[PDB]
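Chains as they are written, first to last, in the UniProt record's numbering: chain A, 76 to 463; chain B, 59 to 216; chain C, 36 to 291, 305 to 359, 368 to 376; chain D, 37 to 212; chain E, 29 to 124; chain F, 14 to 128; chain G, 43 to 252.
In this text, a Cβ means the ideal position worked out from N, Cα and C, and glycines have one as well.
Let me begin by presenting the structure, written as structure tokens, before commenting on it.
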Ligand SMILES: NC(=O)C1=CN([C@@H]2O[C@H](COP(=O)(O)OP(=O)(O)OC[C@H]3O[C@@H](n4cnc5c(N)ncnc54)[C@H](OP(=O)(O)O)[C@@H]3O)[C@@H](O)[C@H]2O)C=CC1
Ligand code: SF4
Ligand code: SF4
Ligand code: SF4
Ligand SMILES: [Zn+2]
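Dropping the structure here:
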């Protein structure tokens, strides 16, 4: 304990991940102890969900990992659907994989570019948010909102893809591999970038599992684990893609894994566009999914189900489930308990960033202060989900 | 030439106002989601810098604070600390429902129901989140608000 | 009463108090505290301000949504006064300058304006009128500030006979111009200009006690028509007071600036007042009669002067 | 199925070793990074000239709220309170009574726009298309009180923006 | 149907106005009280009655799925017209 | 039954020991806190408040309830000693903005319906 | 797998395998396991006496047929009607066998629970979260202290009896030049809705009459 430096990112910089108060003991340039304090974006989300119907609670999940909006929705929908014992129709499962991979691209651009921006490489940030801006248009065209779509709902999706969307998504995907290549022309072989990431924040495979890590944090250390491949949940068993695996467990391998995941997401998006099937978009069962506005204004039964669905909500059978997905940041899971009424009894959110950040002290040992910035970045921490 | 004191004060007031609105360096609390839309306002399509609004400003050179996300009770003291350290003239822009009045955690035990309970706010930008264009409209509304200031003209008549 | 102005709630921010006050001079030292206390209990405060809207921003956090309303006014235009007090029940008046300017002299801030605000308040149906004066106000005092305070206090008592006239002494606080005066003007660039400091006795009162006293005069129905004197617990010797201030500010004290445009800091009349001796007027009621205990200088002087202090202290000696 | 992101073995011939020596000493990759940035300087900027140019939206865009009317001019809202019940943020407050002609109409309709999350559940739940989220996203205010909409404000927004709102509904009602 | 109170304040279509002695009308001083001027009650009166030739008539407000839910209205009573619960349009049975 | 797992103390004598120790740490701390946090209270007012907080929990006799009260009091101390709190948190104990609230029947009767 | 488009298909082989492993764990740790149940959507839960946490978590982590190396989550549920109102839930993941398992126990306000950090280092922050939100004390925990709530925050928000908006709210006071806490007063009270229908929805979950 040469000195304790209480580093508050209170006067936040252009990162937007949130705010982190970091309390450290610096024995010189080196870091001996790291202690994140994480109450600053705690909003009581899990308690608030208890006073909302299942439909009313869904928008809360947009606002957890607010760079993975539609992936957080899918986790909630997969959990609720499992308790309801229903199945979304095949077209919606493809739309939910398609926008699950558009969301993965959205997340990794933020992850890599803001990681590089903190380490001084500002330019790729601007290159890639012109692409995220074009992806935000896909979100707005299907849902009406650029960010918090509220589009993936239990039973399927709210509305069908507007005519002409798939062509625009294909045009975006056609030019996108070149955008990634430009990014690697500035970071992959750059000696300055490698010196800032190579052999930084090394994590062993054994310590990764015990500390609860998931996602890239495991695969960087060489663990062959991806929920989309081992516990598939929508149509992910019907799309071919490879999982990138690291060998050294450092930041640089984790950086490479994310950049390779962006390429595999474009690979998957290509298959979704070609294999998109026809049909309905939400489960054809009006005691769960609302009927069409034409039927509600014509049919007595549809008006009754419409009236009750938007007031009481559908009741979920009593039970408890733990559902997890391969979110872009890691394993995102919800432990959802139903008491049989139309409002959840308990909704515990499992955020991958909660464990990763708790593992910061382990990773920071024996590194300089400027490395901690690189370690936090490679974890991909957003404090919406860390705190909930 | 011939000129009154009233005319001189009106023209000097226009000069300082033009400089202050032409060079707005914003501090941004990126508390939550709304910080992502603040980042899109800096990206190529909108490019706030082309208005003279720098991407990143330190708290003690900043001219405007943009509160972009939920202000929790744990965070409120720090935000007021930053506000006091800002040299005047200082303006606050409240971005999004959370900062405007609590938004979708308004009934939470851990959330300040609006940042106007902590700091004075000049412009309120609605949305959850406001679109990058909606925030840009808000900043341009602050520039017009500054354009109408009459500090010197009041001082003359004191 | 009226169904709207019936007190409700528990006296907090979102509660209703039934006080609908117009506070003239709300943007000054005394105004910021009155508006703050009126807004803690959920009052409807109308804030007539002459300054820029920017200068009022500090008042906005002080109330709930809708409780603080702002208006433009000009002391010379009466119809701007009427629009400000038309819907009000109490009209508090805190208008003053420590110095003259070209446009407003002491006989316009303290006589012509307060009389106009009081007359319109009568003709507009207003019920309670709080007018602030000075303890040392005297027709025969050299300090022009205080002679204007004497006449203006005389016109209020004729225009609005049911008015509560409050006479404080020098008020001290964080943003005061009394102890901040002894710490700065005396120290930086100068050695005290004390003019026979052993001959002056001072009785200063804390700001919050004055703020509390003003509020209770609104809520207390016997205060109407009565003149008050708000004075601190202790009488001090002006020499010792300055000495005590310096000890707190850790600035060495060694016994022994022109007025200008902008804002005269130190002036001809200000000295004449800091040397006037705090009159004792026993028959006038004080803070004791409004439920306020005058607070010691010693407690609330480290608070005021911790800023001047650069980067074990003994009190002053009171005069019985 | 997995791939190795970084499991190469660098070749140890002299030709390859000299290639890395030339790279280390002559800063080859660093020059290449300078090339990419140079190429962007001569690419056209993606900036648009706001406010003269605007970003593209769609008919489904969720913006400011408004209360609509029938072609005759009667208000569509029948005070069913389905929007108030669904609102995730509890942003809507409704009171009703029988109008002088016995009609089921609201006397209070309020949206706390600082509570609202602009989710559009209320327009999904309305049976008569009375409450909609309009296309306006430029309505920032200087005071908090200006963002608490009563019935008059939302009726005025409907009168103000009906021309555009109706066309947007026409474009998307079949998807709904 | 925008009439003003004796004070000078316009009355709203819900009939609300601040009475003579209410302080809350200060909020409008220097500003304005927003009142929609198209009163729904007065506009729906103007609409003509629709003479029909059957005992039961269905109204959906027009536009098919852009109107209100479809309601069937009974016109047997002669002393009065039949009104739509949703849109307020009136119907009558022709010469019968 | 009355057979319950213990937190720390196995009877009130041990519990009252830890209570006594925790009061020592707080009594020593107030002089430091009033300085590091630059409070406007005197060290006497601070130590009276620590006495007040300890007194309000006098009646307690359950050994387990006392363990938790001590556990919580130490966590409060750890925050103040390590300066994790701020000047605002430390001064929340003194309620310096809440106006006097009466406690006699007539006073509560005049203002509102609260019992 | 049936031609019922809207009904989730049943996987019966997974149900059989999870039931076999539920017995296996019950046979091996009879001292601690109080109940084993597998749900219809295939999720095994083992209920244990609070004293078997470390033996039960250790066995699932280290056994050559368990190998639940990863703690996916750790949380508490508050059920005030139960005498032991708090139910502690452990969700574990096995990558060797591609399976998940849930371990549940219980406690009250005044009963400590053994810390699982000795078994899963992931549990360090999870238990701080449980303590902060539910006030459940974990014994032998390296560093137990609040993690989410504000400093000096009295109460435990995720208890069913803690009010939604809490008891105190913060504002800035000009007079004292700091952020002050005060008793909460809402301009608009949260409106409680009674949404439960008076008709039974799921006969399969009907409870026997008193
Ligand atoms: N504090 C003390 O030591 C004592 C004070 N008093 C009385 O207390 C009252 C206020 O105290 P303080 O707050 O210190 O005074 P300040 O000077 O601090 O504030 C006075 C207020 O009066 C307003 N004002 C001044 N001149 C005019 C004018 N010509 N037209 C309109 N408004 C004007 C100012 O508004 P702007 O800033 O917009 O000009 C300011 O808000 C004064 O009446 C003073 O006589 C009496 C005894 C002791
Ligand atoms: S206002 Fe909406 S987008 Fe902004 S921080 Fe709050 S929930 Fe997120
Ligand atoms: S958009 Fe959503 S939050 Fe806003 S008023 Fe409608 S239902 Fe409520
Ligand atoms: S706006 Fe629509 S949903 Fe809301 S009360 Fe009116 S008719 Fe019902
Ligand atoms: Zn109709």
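Task: Minimum length 3: unbroken beta strand (DSSP E) runs contained in the region 115-190 of chain B - done: As far as the region 115-190 of chain B is concerned, its whole beta strand (DSSP E) runs of at least 3 residues are 122-126, 149-153 and 181-183.
Task: heavy atom of ligand 4 below 7 Å from residue 201 (chain D) C-beta - done: Every heavy atom of ligand 4 is 7 Å or more from the Cβ of residue 201 (chain D), so no.
Task: Rounded straight-line distance, which links the Cα of residue 202 (chain D) to that of residue 178 (chain B) - done: 39 Å
Open item on the list: Classify residue 30 (chain F): buried if its beta carbon has 16 or more other beta carbons within 10 angstroms, exposed otherwise.
Closed with: Its Cβ having fewer than 16 others within 10 Å, residue 30 (chain F) is exposed.
Open item on the list: So, with DSSP's three-state summary, where would you put residue 355 (chain A)?
Closed with: The three-state reading of DSSP puts residue 355 (chain A) in coil, since its state is none of H, G, I, E or B.
- [ ] Mind checking which residues open and close the beta strand (DSSP E) that includes residue 120 (chain G)?
- [x] Counting along the chain, the beta strand (DSSP E) containing residue 120 (chain G) begins and ends at 112-120.
Task: Near-chain F residues of the region 124-138 of chain B (beta-carbon distance less than 7 Å), N- to C-terminal order - done: 135
TODO: Using a Cβ-Cβ cut-off of less than 7 Å, give me the residues of the region 73-99 of chain C that come near chain B, in sequence order.
DONE: 86, 87, 89, 92, 93, 95 and 96
Open item on the list: Please list the terminal residues of the continuous alpha helix (DSSP H) segment that includes residue 140 (chain D).
Closed with: Per DSSP, residue 140 (chain D) lies in no alpha helix (DSSP H) segment; the continuous beta strand (DSSP E) that holds it begins and ends at 140-148.
Open item on the list: How far does the beta strand (DSSP E) with residue 85 (chain B) in it extend, from its first residue to its last?
Closed with: 84-87
Task: Alpha-carbon to alpha-carbon, residue 68 (chain C) and residue 246 (chain C) - done: 6 Å
TODO: Taking only the alpha-carbon atoms, compute the straight-line gap between residue 174 (chain C) and residue 110 (chain C) and give it to the nearest angstrom.
DONE: 24 Å
Task: Per-residue burial, residue 364 (chain C) [other beta carbons within 10 Å of its own, 16 or more giving buried] - done: There are no coordinates for residue 364 (chain C) in this structure, because the numbering of chain C runs from 359 directly to 368.
TODO: Answer yes or no: does any C-beta atom of chain E fall closer than 8 Å to that of residue 114 (chain D)?
DONE: yes
Open item on the list: Using only the alpha-carbon positions, how far apart do residue 308 (chain A) and residue 206 (chain B) sit?
Closed with: 58 Å
Task: Euclidean distance between Cα positions of residue 56 (chain F) and residue 109 (chain F) - done: When rounded, the separation of the alpha-carbon atoms in residue 56 (chain F) and residue 109 (chain F) is 17 Å.
Open item on the list: Does residue 308 (chain C) come out as helix, strand or coil in the three-state DSSP assignment?
Closed with: coil
TODO: Scan the region 111-123 of chain F for residues whose Cβ lies nearer than 7 Å to a Cβ of chain C and list them as they occur along the chain.
DONE: 112
Task: When C:333, C:38, C:190 and C:307 are compared against residue 146 (chain C), the one with the closest alpha-carbon - done: C:190
TODO: Determine the chain G residues that contact residue 97 (chain F) at a beta-carbon separation under 8 Å, and present them in chain order.
DONE: Near residue 97 (chain F) (Cβ distances below 8 Å), the residues of chain G are 193.
Task: the region 131-139 of chain C in contact with the region 90-108 of chain C per 3-pair CB rule at 8 Å - done: no
- [ ] Establish whether the CB of residue 122 (chain D) and some CB of chain E are separated by less than 8 Å.
- [x] no
Task: residue 134 (chain D): CB within 7 Å of a non-hydrogen atom of ligand 4 - done: no
Task: Backbone secondary structure at residue 247 (chain C) - three-state DSSP - done: helix
- [ ] Can you give me the start and stop residues for the beta strand (DSSP E) that residue 104 (chain F) sits inside?
- [x] From DSSP, residue 104 (chain F) is part of no beta strand (DSSP E); its letter is neither H nor E.
Open item on the list: Can you determine whether any heavy atom of ligand 1 sits closer than 7 Å to the C-beta of residue 211 (chain B), and answer yes or no?
Closed with: The nearest non-hydrogen atom of ligand 1 is 7 Å or more from the C-beta of residue 211 (chain B).
- [ ] Below 7 Å between beta carbons is the criterion; list the residues of the region 219-247 of chain G that meet it against any residue of chain B, in chain order.
- [x] The residues in question are 221 and 232.
Task: Under 7 Å from the C-beta of residue 1 (chain E): neighbouring residues of chain C - done: The shown model of chain E, from 29 to 124, leaves out residue 1 (chain E), and the question about it has no answer.
TODO: Taking a Cβ distance cut-off of 7 Å, strictly less, list which residues of the region 155-171 of chain G are near chain B, in chain order.
DONE: none
Task: Span separating the alpha-carbon of residue 56 (chain D) from that of residue 327 (chain A) - done: It is roughly 20 Å from the alpha-carbon of residue 56 (chain D) to the alpha-carbon of residue 327 (chain A).
Open item on the list: Could you check whether residue 37 (chain C) and residue 134 (chain E) sit closer than 8 Å to each other, using their CB atoms as the reference points?
Closed with: Past the edges of chain E, shown from 29 to 124, lies residue 134 (chain E), and the structure says nothing about it.
Open item on the list: Between A:461, A:460, A:442 and A:413, which has its C-alpha nearest residue 129 (chain A)'s C-alpha?
Closed with: A:413
Task: DSSP state of residue 260 (chain A) mapped onto helix, strand, coil - done: coil
TODO: Quick one: residues in its chain with C-beta nearer than 8 Å to the C-beta of residue 181 (chain C), no 5 flanking neighbours on either side, listed in chain order?
DONE: 169, 171, 172, 173, 321 and 324
Task: Contacting residues, own chain, Cβ-Cβ under 6 Å from residue 143 (chain A) (five flanking each side not counted) - done: 178, 182, 402 and 403
TODO: Could you spell out the range, first to last residue, of the alpha helix (DSSP H) harbouring residue 69 (chain E)?
DONE: 68-74
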